[PDB]
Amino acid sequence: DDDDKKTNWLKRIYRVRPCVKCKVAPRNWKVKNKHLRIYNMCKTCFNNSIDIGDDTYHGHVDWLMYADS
């Protein structure tokens, strides 16, 4: 089943690349209708980046959650 290839990929994509900033925590994310938005940082490091004034790691990658578009 093709939807499961996509789901297992997202599961892996999410797991093997932690927060770009602290490198250990997993990334923040949310579901935005038909896509999964994976933010570049965990929530702790994102808030911290505002405080310290660094917007270098700000960003996200959206992933279609289904196999067919």
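Quick note: we count residues from 1 along the sequence shown, nothing fancier.
Report task. Could you look up the Cα B-factor of residue 36 in the entry and say which third of the chain it sits in: lowest, middle or highest? Result -> It belongs to the middle third of the chain when residues are ordered by C-alpha B-factor.
Query raised in the report: According to the PDB entry, is the CA B factor of residue 15 in the bottom, middle or top third of its chain, that is, lowest, middle or highest?
Result: Its C-alpha B-factor belongs to the middle third of this chain's values.
Report task. Report the third (lowest, middle or highest) to which the CA temperature factor of residue 50 belongs, ranking only the modelled residues of the same chain. Result -> Its C-alpha B-factor belongs to the highest third of this chain's values.
Report task. Would you mind ranking residue 22 by its C-alpha B-factor against the rest of the chain and naming the third, lowest, middle or highest? Result -> Top third by C-alpha B-factor.
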